[PDB]
Amino acid sequence: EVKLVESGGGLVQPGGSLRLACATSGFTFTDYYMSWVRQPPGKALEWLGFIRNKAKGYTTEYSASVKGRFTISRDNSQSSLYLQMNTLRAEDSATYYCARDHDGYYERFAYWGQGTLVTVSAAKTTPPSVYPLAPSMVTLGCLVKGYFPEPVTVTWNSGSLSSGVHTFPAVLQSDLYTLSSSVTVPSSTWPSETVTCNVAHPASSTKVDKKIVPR
Amino acid sequence: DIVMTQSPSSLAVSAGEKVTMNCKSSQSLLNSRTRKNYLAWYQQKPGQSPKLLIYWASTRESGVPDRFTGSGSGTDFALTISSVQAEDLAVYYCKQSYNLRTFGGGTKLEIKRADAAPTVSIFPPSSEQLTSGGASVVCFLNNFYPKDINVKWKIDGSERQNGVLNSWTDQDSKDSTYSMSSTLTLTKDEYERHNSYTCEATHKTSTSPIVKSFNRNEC
């Protein structure tokens, strides 16, 4: 299985540097070019640069937008790729993706990681408060209030309740995010069975569960 | 660098219908050594990584449904979906890899469907949040279309127009509906001032609003 996993992201203050990493597995890393691409929230994909394979002497190229400010390197001993980002600004906030690449003839060799979110902000890390929203079908929910940075991962019954879930995009106000998640279940399910929302916030190392109880 | 432009930037298309979207390059993408155009089309579904649909302008990647066709050469290209399906909701990108790489700005495919009124649910501030000092009143509007909607909060007969934030899920890839949260944020002080809270959705399917309410005194 070809796999690419980005790390090193999260919240960073404006002004300095950050170096993202991409661990690769499942293919002969040195035979392939590797690219980085970013996507600001609600914006288009932006190619940043690449590093070529061993046949092409691992040479680099960059987009005109970041040439001279971001660089790319690879650790062929660890089959890993890096993106060094300098003089960060708020507007470098984005999801950063690592992608296996090659000559254009071999476009179909493409493979992308799931990405990692980088937030460039002066605001500080804050875990969420999680509050139950208790009322043929019935709708329950969980209010996830006052956290920073994105993201959180919201699940219902540890992930084993996924249908009928609407987890809304968070809204930023006064340096804090809030969202709610609803789940609509048969009335036969609840309250006879337990329904619990689970909220993970990696930035603050916090994982919280809230059972929904009638009231 | 090579500049890529896509049009239209968004479109709404109903299921079963045809969509064509176009992509232009600032210079030819035709590799004279291999006689392929280094132009690809990617699909990015909401919250997912982009996936390759088409390479060499017109060649489908293995497994791609053949409702997806690409054509073109040189500086003009197009991607057609012959009969759109609900699950084709996505942003579609063209990408050149002739010299460096450049993505177009995308074409966001929204699915048009029949107008559908929402199912409304209201939740008063939980006792747990009330103990902390704050009060958020939450209303959910489930499974409706189109996206924009006249949602109003009424508190003891007057409209409350400040302190309301609304958020939408991505269109459902099965039924193509939206859902939306409306969150009214109040100090506890102000929450405790008033008694009747109503979430009201006026949707184009009816001149009568869809209302859900509670009375604080009844809690």
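Over all distinct Cα-Cα pairs of region A:1-104, the Kirkwood formula returns a hydrodynamic radius of 14.0 Å.
Listed cross-link partners A:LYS145/A:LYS207; A:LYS43/A:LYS210; A:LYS56/B:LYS36; B:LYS24/B:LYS174; A:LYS145/B:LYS152; B:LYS36/B:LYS108 are compared with a 24 Å cut-off, the Cα-Cα value being larger for A:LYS43/A:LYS210; B:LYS24/B:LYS174; B:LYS36/B:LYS108. For region B:78-156 versus region B:2-28, the spacing of their alpha-carbon centroids is 21 Å. Seen from B:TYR42, the other residues with C-beta closer than 9 Å to its C-beta sum to a net charge of +2, counting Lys and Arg as +1 and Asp and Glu as -1. Using the Cβ-Cβ distance between B:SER32 and B:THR131 with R0 set to 56 Å, the FRET efficiency from 1/(1 + (r/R0)^6) comes to roughly 0.20.
Over chain B, the fraction of Cα-Cα pairs per 10 Å bin, rounded to whole percents and listed from the shortest bin up, is 8, 27, 21, 16, 14, 10, 3, 0. Applying a 4.7 Å Cβ-Cβ cutoff to chain B leaves B:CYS219 as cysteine residues with no disulfide-compatible partner. Provide the FRET efficiency to the nearest 0.05 for the A:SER77-A:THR196 pair, computing r from the beta carbons and using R0 = 45 Å. The pair A:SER77/A:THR196 has a calculated efficiency of 0.55. Using the Cα gyration tensor of region A:92-215, with a ≥ b ≥ c the square roots of its eigenvalues, what is the shape: rounded (a/c below 1.5), prolate (a/b larger than b/c) or oblate (neither)? Cα axes put region A:92-215 in the oblate bin. Straight-line cross-link partners of B:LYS154 among the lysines, defined as a Cα under 16 Å from its Cα and at least 8 positions apart when in the same chain: B:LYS212. The loop-placed trypsin sites (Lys or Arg not before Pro) in region B:103-149, going by DSSP, that have at most 14 neighbouring Cβ atoms within 10 Å of their Cβ come out as B:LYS147. Take every DSSP beta bridge whose two residues both sit in the protein assembly as shown; close to 95 percent of them are antiparallel. Averaged over the residues of B:180-191, the number of partner chain Cβ atoms lying within 10 Å of the residue Cβ comes to 2.
Fewest-first ordering of A:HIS102, A:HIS166 by other beta carbons within 10 Å of each residue's beta carbon gives A:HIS102, A:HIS166. For every other residue with a beta carbon closer than 9 angstrom to the beta carbon of A:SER35, add +1 if it is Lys or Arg and -1 if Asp or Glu, then tell me the sum. Local charge sum for A:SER35: +1.
Kirkwood-type hydrodynamic radius, chain A: 19.4 Å, calculated from all non-identical alpha-carbon pairs. Using only Cα atoms, locate the centre of region A:17-41 and the centre of region A:168-191, then give the distance between them in Å, rounded to an integer. Between the Cα centres of region A:17-41 and region A:168-191 lies a distance of 33 Å. With a simple spin-label model that places each label point 7 Å from the Cα along the Cα-to-Cβ direction, the separation between B:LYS154 and B:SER173 comes to 4.0 nm. Spin-label model, B:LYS204/A:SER7: points 7 Å from Cα along the beta carbon direction are separated by 5.0 nm. Report the calculated FRET efficiency for B:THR20 and B:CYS219 (r = Cβ-Cβ distance, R0 = 56 Å), to the nearest 0.05. Result of the calculation: an efficiency of 0.50. Within a straight-line Cα-Cα reach of under 17 Å, B:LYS95 can be paired with the following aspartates and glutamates, leaving aside sequence neighbours fewer than 8 residues apart in one chain: A:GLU46, A:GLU61, A:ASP101, A:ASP103, A:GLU107, B:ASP1, B:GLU61, B:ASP76.
Because the Cβ atoms are built from the backbone with ideal geometry, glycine has one as well, and the counts that use them run over all protein chains shown. Values in this text are rule-based calculations from the coordinates and carry no lab data.
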